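Subsequent text provides structure tokens for two forms of one protein chain, presented individually as structure 1 and structure 2.
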Structure 1
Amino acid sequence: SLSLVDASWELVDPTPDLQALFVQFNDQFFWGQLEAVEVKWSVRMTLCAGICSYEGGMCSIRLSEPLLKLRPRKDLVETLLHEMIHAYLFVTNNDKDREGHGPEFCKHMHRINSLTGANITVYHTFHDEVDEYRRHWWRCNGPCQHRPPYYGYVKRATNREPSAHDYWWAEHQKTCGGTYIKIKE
């Protein structure tokens, strides 16, 4: 069975094996196609539970140890599978939907949920979180997408774009110099 909803889905895993999960899911759900993709824990990241970075090539996934270590297994697994769908669309040159999570995303999302009983979702909060999260997102198109601890992200409560108004702006200009493309609000 490919079912993931077992006894232990709603419970914290003190010793997750992220590499093993990746290998398993590449084989079971992505037809082996994610060979070039790598997956790492971050002990530093907090703006996102999960991210991808694409060299535009090699694809990287990062999972937030701060946000996931104490959460139920299901949240690690659903976050990882969400990121692997983005990775798959990148690897297969099928990431041309206008939306972040357009029809292509929902096909894999819906399909993997069918196979496993999981609930991968198009939103990037946890199912139990309330509505007190920042909705306006930018991502830098410079090298800092790969750079810890923000991976290019800026998440704000209003449409307040990254600018010289920001205390960190001059630094980012020197250390990256990329431009902040609007994504969430």
Structure 2
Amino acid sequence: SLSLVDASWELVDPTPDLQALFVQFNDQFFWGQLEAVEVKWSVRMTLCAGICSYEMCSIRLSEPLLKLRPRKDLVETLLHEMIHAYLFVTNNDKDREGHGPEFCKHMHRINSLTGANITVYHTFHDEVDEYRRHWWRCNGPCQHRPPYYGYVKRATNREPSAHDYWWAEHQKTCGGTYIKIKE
């Protein structure tokens, strides 16, 4: 009934309709509460498959990473990001960890309803991600700025600094602090 899993789940969708999926999912899984959330494709984002940004809440999905993947990857990424958005909109985003019990409650619930496999972790380009595993996010306004949306992801444990050639502009236009979120 709310089941998402059929033969096509495993297959690429030539013509995904992101706005339609968002409207469907808001209705079917989030009690209509994500009406004011903006979801868009990003054509240059490659650092992440999906992100959120918070003022109003915005979701972006990577066209380069998702357009030719099976439709389960678009859907599971979108639902993952919508759970973050829901915790934001409902002022329930106070868990210490990125994906704490509150995230995981919705993940389990929607997986149960749909047969899907939303996860706390990413399920594609395993080797790229495995090595490029040190992640920071700026807690400043560049979070809304494409194509990085505040993220830095490195294969070594070296935090952003003045010896990055992109630093001066960042400090001048944004000025936020990079917070380490993954190792």
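Only residues modelled in both forms are compared. Along the sequence of structure 1, residues get numbers from 1 upward. So that the term is clear: the rigid core is the largest set of C-alpha atoms that superpose within 1.5 Å between two forms.
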With the rigid core superposed, which of 125, 33, 46, 119 has its C-alpha shift by 2 Å or more between structures 1 and 2?
125
Core-superposed CA shift of residue 7 between structures 1 and 2, in Å, is 2.1
So if we fit the rigid core, how much does the CA of residue 104 shift between structures 1 and 2, in Å?
0.2
Using the rigid core for the fit, write out the stretches of 3 or more consecutive residues with CA shifts of 2 Å or more between structures 1 and 2, ordered by sequence.
124-133
